[PDB]
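Before any questions on binding or motion, here is one chain by itself as structure tokens, the form deposited in one PDB entry.
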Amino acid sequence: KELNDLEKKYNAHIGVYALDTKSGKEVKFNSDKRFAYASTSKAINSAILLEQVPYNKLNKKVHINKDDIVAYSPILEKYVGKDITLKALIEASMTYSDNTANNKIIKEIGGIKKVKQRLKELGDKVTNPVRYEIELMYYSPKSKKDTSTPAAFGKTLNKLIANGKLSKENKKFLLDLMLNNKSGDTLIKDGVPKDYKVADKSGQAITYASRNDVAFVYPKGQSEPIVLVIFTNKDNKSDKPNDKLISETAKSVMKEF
């Protein structure tokens, strides 16, 4: 299609950044406008932890207590007073979008301060992590808190995971979680050809129909992925998103490759 046309059809704003890591070809559409990234950052936090903990050491346990629990933690809520491995923390965060798992992961890394320091090292001066879950979901068009642009997020995802310092084991581990989560089926996965493998992490903020999906797409025949970042939102605080918007956006963008 045409992205301008899909904005018109859905009455929404679209931010797209796609990079074929094989050729270096990019497709950009509103690639420098800020959007709340929400749960798509669970992918970033998980990758950052994996850079500092070898696969064989993922059995390390951390203690979970009452004070760690935040809203929507379908897995972690059963671990109050118990210990959980770092491996299961990552699985909870990526597969179930568990919010306590994500906050614990951020703490393991050293806090928001440390995540922000790592992004600067990667050269990402845009992604602005400020709050923990679930507060980071309170998006305001007038605040830069917990936002990034499709270009900056996409480049950070590429340098961290696609072309980064993760071991094979860890990289396969994270990518498997993304290939197998059912939460992204109505998104990028719904719009690309069946030929393609989509490893994604979706997100949704509480305000302005902020609905996102980021993924590593594997065309049939290519071993290097196409990093695809789709961020969308609407004009009213209480608007609900239509997942079809991202499905259609993904189909359209995939035509460029």
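Just count from 1 along the sequence shown to find any residue number. Shifts are known only where both forms have a C-alpha. The term rigid core refers to the maximal set of C-alpha atoms that superpose within 1.5 Å between the two forms.
Another form exists, deposited in another entry; not displayed. Remarks below refer to it.
Fill in: Flagged residue of 45, 210, 40, 30 - C-alpha shift reaching 2 Å or more between this form and the one not shown, core superposed
Comparing the C-alpha positions, the one residue that moves 2 Å or more is 210.
Discussion item. Taking 2 Å as the cut-off, check whether the CA of residue 238 shifts that much or more between this form and the one not shown after a rigid core fit.
Written reply: Yes: residue 238 shifts by at least 2 Å between this form and the one not shown.
Worksheet item: Hey, the CA atoms of residue 32 and residue 210 end up closer or farther in the other entry than in the shown form, with the change being 3 Å or more?
Response: Compared with the shown chain, residue 32-residue 210 is farther in the other entry.
Practice prompt. Tell me whether residue 35 and residue 207 end up closer or farther apart in the other entry, going by their C-alpha atoms; the shift is 3 Å or more.
Written response: Relative to the displayed form, residue 35 and residue 207 move farther apart in the other entry - a change of at least 3 Å between their C-alphas.
Worksheet item: Fitting the two forms on their core, which runs of three or more residues have every Cα moved by 2 Å or more between this form and the one not shown?
Response: When the rigid core is held fixed, residues 204-210, 235-241 are the runs that shift.
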